Amino acid sequence: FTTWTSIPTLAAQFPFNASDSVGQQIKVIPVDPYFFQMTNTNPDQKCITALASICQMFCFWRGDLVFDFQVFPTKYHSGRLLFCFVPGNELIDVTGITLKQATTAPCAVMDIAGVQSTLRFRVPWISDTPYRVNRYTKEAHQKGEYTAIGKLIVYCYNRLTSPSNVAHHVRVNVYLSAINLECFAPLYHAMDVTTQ
Amino acid sequence: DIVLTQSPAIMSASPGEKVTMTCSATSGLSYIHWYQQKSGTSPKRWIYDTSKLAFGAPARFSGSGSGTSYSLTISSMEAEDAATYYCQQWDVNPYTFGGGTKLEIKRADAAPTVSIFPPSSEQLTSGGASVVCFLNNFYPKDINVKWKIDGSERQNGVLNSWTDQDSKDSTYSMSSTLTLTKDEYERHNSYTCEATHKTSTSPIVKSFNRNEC
Amino acid sequence: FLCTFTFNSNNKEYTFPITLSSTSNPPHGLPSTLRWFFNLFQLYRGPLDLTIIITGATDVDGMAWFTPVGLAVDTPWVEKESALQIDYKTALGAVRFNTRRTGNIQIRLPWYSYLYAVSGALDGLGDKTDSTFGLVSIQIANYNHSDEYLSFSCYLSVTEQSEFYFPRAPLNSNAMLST
Amino acid sequence: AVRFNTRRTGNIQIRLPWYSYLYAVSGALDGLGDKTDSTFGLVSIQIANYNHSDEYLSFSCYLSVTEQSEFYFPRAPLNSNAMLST
Amino acid sequence: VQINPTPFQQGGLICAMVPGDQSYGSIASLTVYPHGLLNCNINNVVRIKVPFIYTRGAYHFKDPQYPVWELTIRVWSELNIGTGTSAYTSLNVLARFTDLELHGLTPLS
Amino acid sequence: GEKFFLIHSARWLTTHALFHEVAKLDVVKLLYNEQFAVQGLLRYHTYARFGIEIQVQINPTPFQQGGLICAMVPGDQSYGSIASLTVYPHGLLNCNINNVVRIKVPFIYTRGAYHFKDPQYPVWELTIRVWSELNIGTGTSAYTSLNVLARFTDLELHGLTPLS
Amino acid sequence: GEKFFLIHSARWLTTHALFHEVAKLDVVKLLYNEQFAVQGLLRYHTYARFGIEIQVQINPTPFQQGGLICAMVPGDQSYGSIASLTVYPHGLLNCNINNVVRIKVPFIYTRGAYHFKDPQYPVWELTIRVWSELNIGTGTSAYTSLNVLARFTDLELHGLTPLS
Amino acid sequence: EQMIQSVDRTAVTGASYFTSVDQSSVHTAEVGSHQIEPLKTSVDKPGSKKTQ
Amino acid sequence: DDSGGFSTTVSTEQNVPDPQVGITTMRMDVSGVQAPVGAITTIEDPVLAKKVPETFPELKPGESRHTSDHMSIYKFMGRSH
Amino acid sequence: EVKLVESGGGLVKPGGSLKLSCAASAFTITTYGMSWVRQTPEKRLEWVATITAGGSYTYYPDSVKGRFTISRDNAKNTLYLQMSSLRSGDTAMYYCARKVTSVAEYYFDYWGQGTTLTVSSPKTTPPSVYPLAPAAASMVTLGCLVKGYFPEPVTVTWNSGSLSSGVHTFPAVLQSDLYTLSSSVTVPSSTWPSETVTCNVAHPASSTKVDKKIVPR
């Protein structure tokens, strides 16, 4: 099953507008292999990632994850971003973190301009338990059992400068790939769309 | 818990000149924000930390300052800046805002319009009287209209309903309403509102009567 | 899981095919795990494991047999009297048991197909022709006794003799359904 | 799963494999971790073709240790007010 | 597949090769297929070489059971313009056979 | 991050009965406090893996008599025997001979790493119970002190967090 | 303790005149703040000895023109020449070629160790002045961003303090 | 010293007579191989110039 | 590097102290049939700013004609002020 | 476009309770923490409530500490402010506010329209409208005397709002337990007293509509 997992498949979508403030949170991401939100109206279908279907048939999972944030700007856009890794669980008040407090956590800077789009950001296993359970089979929250080993925040590290004859937004795609992945104790569970 | 005040309270400035207000903290503050309360709407994205404007704000403005006293320096005065600003800190538990600087448009001096009317015949059947002096289409707003009521001066019950400066012809308006009882109204005759304009040396006397008609 | 079925009267021979299509919604098609698994890969060529379970009434005679595609067989997924006979059923290959001795059969499903390989996800007229590879069908006898249900189960599992080809994008969230 | 009938053999000797995402379970705990960091398995039975003429139907469940497990950190034994039977 | 955008636009496309049909495949999981993406920043020429994926070995032209390959092109990113930038860009598909065999001549057309 | 940290100060008195639990605390939680230098390393790093070093110093006057117990308990004192505590790695106290003992125990926990924000259960629980009653006559002082010096051993740090 | 830390975010505009100082800050003082992981190492240790790594990234649109200067100044800009700033280890900016430069300077200070609670004078002062005016026509955007990524190099720690 | 190689712009590909030269080129990927049929469903020679 | 700040390029030694002793002496043609490479350059990069300056085909001015040296601080600020 | 539309408010006697709300669109509020910003009629705003993305961290100032209660629902994408123990110091205009994050402090981006809560207990009073007529020139400002109403929202309409070049709608002034204004229109001598100039005074809270025409007495 390695053939479907490490191939980068689209999981989310967020643009980079120019009408935002310096350090404003754009999108928060629960980092897990269970992540998908896109769909389609015609035909009636909800788009799935190739990583999530492999991992939705297990009780536990363990392994690293690689996000691929591909931008499609013009050659004249600029500004930067900050890809901070905030660990823990899926349920804190994560949207109160100051931008300089995110500098203590591990991160990666990136320039928007240039001739290389995809930055292959890899997720380490920051965890308290060695085996991380599929909690989405249950319907009641419980401390001790988690599904996300961290949360990704794409900050507005700088604003968007642009010419007049283009638009005021740069779309960033979210692929999903994984490495050193391990799963056991099979089940069956049809996952639900995470609307964050 | 510490109080943010603003040294300009009411400022009237000509189109094309330099305008500068000040949010004076009484403590050392890092980054003091600003707002824009337009007349009738809510404040929006106007100014963040000290010198970082919004995206829809005009780039003709300037903000600077270090330590306590900060200044929002206007380089080009225009017609769309007739609004009230605020100033905010973000460092205590009780976040208190500024005092409010009402910056308006200084247009040249315009004569007041007086259409002073009696109260209705329906209000005298209601036992009351509201002697209203209509005052429209004039600069400045700062006018001290006293009542000449049979040679006296009565500033009691003078209802002053204030609109702001008009956004089209840049003029002010004033309601000058004297609430009276029916027997109080039926005792005097001279009902005079007079204007105190900075060009009008003599007050323009435009009055009516009760016994007339 | 693959399918399950019951009985109503005497010698009601049941016939179900195995269709790897995703158009055939369950119970008349692929249920929960096999619907997702038989649409992850393009072509399939090889046998399968079949474990049936007999639960219910006692003293009932039965017989199971295989029938490949492209032959005369009874109506799919419809329980009725069999129009076939003992010469056509036993010449193809069959087993014989009783519901009191063991009550369960673990049996292979050999690859009897004239084409090269079957494919799960298809549309048009080729989906009902270039996907099916086998048919398991059961006839009963000595029915019935005192009033008690008689339900059969049918499970599938892959064997080590088959292979896989051309990794396909998985099923969307509106297709992973169970019975 | 397994599949049987109550007339053929009537007894099953089956292993209980270690399906757990955590490292090791611990017996004596208190708080909210006792109902989470102690359990490691679940055995569950569904029946059918019930019933016949009036007769009881009782199942038993026994446990014994296997040679694949280990032991850690010898603890003081249970007091006399806890060693109770059914 | 060759496309021609003007560099005052932005957006991207997808070009996957699908055996049979797009029956229940995921739009977001199309990169498992041998694909080639398009960008307004870098390139405008890609190439894809895929083998014969079919339930049988030979092909019948007069009555096919199902189509062998189905080239798909979907909007991977929306094409935005401002004022004055042209609102069209072309698209062309150049395809050819590889490793052809011929068997069993027929008298009919 | 490895230096002896005083975590609790109690006082063992004469009026305590037999098998009375003098101290009941968490060794890991009392080391999680603002007034120590181990706060500076654990504030940015969430995961933790550590061994527990224990040294306990008491000071009796030699005109008293009695003894104490100092055992290291994983999890809780749920149903452990008071009289069978010597199976645990312990150190006893005496008014005759000594006043300094030390105990080195490893990380006993259901998992490998530790979460500071929401623990499932306490890892170690240092217990001190009255092993013999403290008797005095007339004029001998009716108090004697007690101190617990604890520190981490073999610390690992993994998975930095942006939050405090 | 050695990782790039954003310390200031300003915006270089078109309305700035020639030789206008865009940024005026202390590199050492802005790294002394609660929102960084270098607070965790410097809070218990008073003395400091460090080299200064500087990387500054800007983002102009290519329909503008102009240039900047980025010099590293010890102490203050008391009486140094604006036109003679290239003697300092600097890095220039251009709308034609590049947008990333880096400057590595050593510890230039009257003493050897540093005191955080009462400094005599700032050690380094990063300056950014308008080297060429930013001109636009009609439709070209009238803003371009500016960011300063700074970090310590070769840090020593001496003399632990109990106070914060 | 590290160097990231990029895509070549000029490419001379095609067929025997149909000849194309492109300014914007990309690497032609190739998977699998031309598979032969051991249980021959056609025992004679394929269509060629010599037999037709 | 002791710190761990990695880069894709190499930063060289910028603003080298005391590049030249100011005596005009010998230590053919300086430029000539060999083409001037330091005629055109890039000054934003300090690596290519280290290129030798010339624009004309030249030769040596020659040896100076004062025995003392007046280009070091040890013999310039030695005269008291 | 973002529309953080409030809903609620009204007339609550002092000692009562109220639950406010703010609808939200064009974005998911599950990230940004929201805030209620109260506008006193003396132009002194106050920051009274803020709860984060989850329903755990509440930041209450010194004033409302123990009086009010903020609540949210991330699925419904609305707001809730359960208030209690109301008095005259909280008789003010309310605004839902979105808080976003800057580099060292926080910041407000988008605010709403505003709901009116008047914490006072007189009776609900419908407005009484009196025309104003002289006992001349080409410009005569007329008026109606809308006197005597306690609920603040009211609307004077001049011939379906068609005379808006000279309509000087004067604001309400509280006097003798009654908010009283004098709406005025500027109608030239060619139209008045030759055509129809009628003030349609509509009041939404007490559900009254008053039509009065100025005629010369």
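As written, the chain order gives the labels A, B, C, D, E, F, G, H, I and J, with residue 1 at the start of each chain.
By definition in this document, contacts are C-beta pairs under 8 Å (C-beta built on N, C-alpha and C of every residue); 3 or more make two chains touch, one makes a residue touch a chain.
*Asks:* Under the document's definition of touching, what chains do chain D and chain H have as common neighbours?
*Replies:* none
*Asks:* For this structure, I'd like the pair of chains sharing the most C-beta contacts.
*Replies:* B-J
*Asks:* What chain lies closest to the overall centre, CA atoms only?
*Replies:* A
*Asks:* Hey, which chain ends up farthest from chain B, C-alpha centres compared?
*Replies:* The chain farthest from chain B, judged by C-alpha centres, is C.
*Asks:* Please work out the Cα centroid separation of chain G and chain J, and write it as a whole number of Å.
*Replies:* The computed centroid separation for chain G versus chain J comes out at 50 Å.
*Asks:* Between chain G and chain I, tell me the centre distance in angstrom, where each centre is the average of that chain's C-alpha atoms.
*Replies:* For chain G versus chain I, the centre distance works out to 28 Å.
*Asks:* Between chain A and chain F, what distance separates the C-alpha centroids? Give it in angstrom.
*Replies:* Inter-chain centre distance comes to 43 Å.
*Asks:* Distance-wise, how many Å sit between the C-alpha centres of chain F and chain J, to the nearest whole number?
*Replies:* 63
*Asks:* Could you check chain G for residues that touch two or more other chains and list them?
*Replies:* As it turns out, chain G has residues touching two or more other chains at 3-4, 9, 11, 35, 37, 40, 143.
*Asks:* What parts of chain I, by residue number, touch at least two of the other chains?
*Replies:* none
*Asks:* Where in chain B do residues touch two or more other chains at once?
*Replies:* Expected reply: 45, 48, 52.
*Asks:* Which residues of chain J touch chain A in the complex?
*Replies:* Touching chain A: residues 28, 30-33, 52-54, 56-57, 100-104, 107, 109 of chain J.
*Asks:* Would you tell me which residues of chain A are touching chain J in their complex?
*Replies:* Against chain J, the touching part of chain A is residues 21-25, 27-28, 91-100, 195-196.
*Asks:* For the complex, which residues does chain A have touching chain B?
*Replies:* Listed in rising order, the residues of chain A that touch chain B are 18-22.
*Asks:* For chain E, which residues count as touching chain C in their complex?
*Replies:* Where chain E meets chain C, its residues are 19-21, 23-26, 29-30, 32-33, 53, 55-57, 64-66.
*Asks:* Give the list of chain C residues in touch with chain D in this complex.
*Replies:* Contact set of chain C toward chain D: 51, 53, 55-57, 100-104, 148-149, 151, 153.
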